[PDB]
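Report on the structure given below.
Only the coordinates and a few stated rules stand behind these numbers; no lab work does. A quick note on method: Cβ atoms are made from the backbone with ideal geometry, for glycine too, and the neighbour counts reach across all protein chains shown.
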Amino acid sequence: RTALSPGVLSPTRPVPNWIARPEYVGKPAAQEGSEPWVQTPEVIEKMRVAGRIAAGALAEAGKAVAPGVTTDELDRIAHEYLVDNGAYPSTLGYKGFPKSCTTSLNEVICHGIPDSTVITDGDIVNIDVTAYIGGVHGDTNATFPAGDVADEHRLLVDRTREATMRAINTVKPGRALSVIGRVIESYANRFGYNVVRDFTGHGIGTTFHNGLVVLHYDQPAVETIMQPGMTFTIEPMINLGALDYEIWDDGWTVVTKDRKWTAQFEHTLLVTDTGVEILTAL
Ligand code: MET
Ligand SMILES: [Co+2]
Ligand SMILES: [Co+2]
Ligand code: NA
């Protein structure tokens, strides 16, 4: 199974005029980066709605993952699920991104652009879907096996899922945010994997990437303490090979330089008064 190259992009998928766009649609940048880290009760409840719809779309697209399917098709399925539930796909027109979700196979670390790429037996396919509804976002991703995947890749996906859920389980008010990347990097290193450092989790609320950064490796210099009402993602990318990467011509698709495969999972989390709530649970 050879290194991937880009395929043919399908035309822009339409969204009914009635669904409100985020402010950044059409524009070269987004108005984000300085929003409150702790959300109002109103925004938290709206975030449950957005989280559930993103989880739905993710699950629908994941069910279509099979040898012979295109990444564009997965995008079509996510896009239609979002639009059907009155959500805007937050990636669509985000910094010029042309599609409604990211689809990242095998050596693609993240940000793959859905296209005519055909999935084949043994591939691993991350689908990352974000929903915008009620003025708020919900962001979730998972890596799905296609046909008969090699044990080394099954394990990488299962261990990345587990690293994610372990880190989610550390979330509680008064705990240092740095605990998340300590738990993930510890678990990854136990199996000789390497955690991607350049790409991180993020605060999310009325804006997509609100300025809060969540590191997935051990960086105890971060002083942030988790607070009730804080909303962010945990979304580690875990590599079999070295961390070095390249970005394609399209300006989005990130691939490992050594072409070894990588996996990712993501949820959007709320810090509660005593622990955590996974907003993108289905
Ligand atoms: C093309 S933007 C994709 C962003 C991604 N959903 C994230 O979790 O930040
Ligand atoms: Co995402
Ligand atoms: Co995210
Ligand atoms: Na990958």
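In a shell of Cβ-Cβ distance under 14 Å around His153, excluding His153 itself, what net charge do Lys and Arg (+1) and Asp and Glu (-1) give?
-1
Explain nothing, just the number: dipole magnitude of segment 1-137 about its Cα centre with +1 on each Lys and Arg Cβ and -1 on each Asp and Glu Cβ, in debye rounded to the nearest 20.
Around 200 debye, computed over segment 1-137.
What does a probe at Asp121 reach in segment 3-30, counting residues whose amide N is under 20 Å from the point 7 Å along Cα→Cβ?
In segment 3-30, the label zone of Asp121 (backbone N under 20 Å from the point 7 Å along Cα→Cβ) covers 3-4.
Do the alpha carbons of any pairs in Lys99/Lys257; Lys46/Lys172; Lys63/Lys172; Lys95/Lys257; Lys95/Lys260; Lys99/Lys172 sit beyond 30 Å of each other, and which pairs?
Beyond 30 Å between Cα atoms: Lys63/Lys172; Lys99/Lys172.
For segment 86-149, what are Rg and Dmax over the alpha carbons, in angstrom?
12.9, 41
Suppose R0 equals 25 Å; then what is the FRET efficiency for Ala66 and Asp250 from their Cβ-Cβ distance, rounded to the nearest 0.05?
Using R0 = 25 Å, I get an efficiency of 0.50.
Grab the Cα-Cα distance for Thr224 and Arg259, subtract it from 0.36 nm times how many residues apart they are, and report the gain in nm with one decimal.
The span from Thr224 to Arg259 would gain 9.1 nm if fully extended.
If we count every other residue with Cβ under 14 angstrom of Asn85's Cβ, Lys/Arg +1 and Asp/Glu -1, where does the sum land?
In short, 0.
If you find the alpha carbon centre of segment 226-271 and of segment 68-127, how far apart are they in angstrom?
Each part reduced to its Cα centre gives a spacing of 15 Å.
Which three lengths, in whole Å and largest first, does the chain cover when its Cα atoms are put on their principal axes?
49, 47, 31
Could you work out [θ]222 nm for the chain from helices alone, using -39500 (n - 2.57) per DSSP H run of at least four and dividing by all its residues? Round to the nearest 500 deg cm²/dmol.
Theoretical 222 nm ellipticity from helices: -8000 deg cm²/dmol.
On full extension of the chain, what length is gained from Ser186 through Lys27, given 0.36 nm per residue of separation minus the C-alpha to C-alpha distance?
My answer for the length gained is 53.3 nm.
To make sure I understand, if each residue's beta carbon is the centre and we count other beta carbons within 10 Å, what order do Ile127, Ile44 fall in, fewest to most?
Placing the least packed residue first, the sequence is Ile44, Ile127.
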